[PDB]
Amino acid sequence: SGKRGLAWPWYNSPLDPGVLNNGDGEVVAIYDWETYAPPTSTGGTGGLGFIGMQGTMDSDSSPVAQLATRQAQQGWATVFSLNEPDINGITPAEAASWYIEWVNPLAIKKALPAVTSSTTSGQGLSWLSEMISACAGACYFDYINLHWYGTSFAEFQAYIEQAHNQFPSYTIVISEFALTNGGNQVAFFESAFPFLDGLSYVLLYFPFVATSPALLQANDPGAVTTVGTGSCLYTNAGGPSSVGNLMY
């Protein structure tokens, strides 16, 4: 049907995911970096499939002891694992043993931890390569999960092609991508959507970020500094932004 998803933050109570779901089927998924249902203005997900995410090894709001319980209650078809462990002081071996213990048991589609686009040893795809070696085939997974932030569509295209060249038998989900602050976000996503839509090895992609600029600044001011406000899919009024209009 389509590959587009909403990267839906915890602070999004005021907003309606259904605004970006016009029935044509391009937008199919939503995740909220947690294992509880997306906070929304309707209480529901606007007809999108929620993907559970165990983004840290354990937290108050997503206790890992409740991960199997939540998947069973909510009936997710897919689950995401750790968010950027490659820059959060989690070794590939630690992630492999944690994944085997906690994520393996969910008999659904599963993604390995979202890694950053760093080229440094022990980060990014180097980290992911070490985690797959530490797994030694004992991790069950369907997808590798990528983040990308950078300065041009050309650089993004080169990064996705690099990932595929290095992992050619693997399926990719992109859980966060945008330009860093300054660039034309509309031009970037106008280029990125048709590029990713044509790649049979990319199953899902989620622009950072399905919120409004006012909510981004009020709750994630660090992200405004890094990325700016141009990649927000919503206007402050809670309709589609210029980038949101590209989701339909």
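Between two forms, the rigid core is defined as the largest C-alpha subset superposing within 1.5 Å. One-based numbering along the sequence shown.
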*Quick one: core-superposed, which stretch strays further from the shown model in 4 other deposited structures of this protein, 138-146 or 114-122? Go by RMS C-alpha distance.*
114-122
*Would the CA B-factor of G5 place it in the lowest, middle or highest third of its chain?*
lowest
*Can you work out whether the C-alpha temperature factor of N219 puts it in the lowest, middle or highest third of the chain?*
highest
*Divide the modelled residues of the chain into thirds by Cα B-factor and specify which third, lowest, middle or highest, holds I51.*
lowest
*Sorting the chain's modelled residues by C-alpha B-factor, tell me whether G124 ends up in the lowest, middle or highest third.*
lowest
*Relative to the other modelled residues of the same chain, rank the CA B-factor of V64 and answer lowest, middle or highest third.*
middle
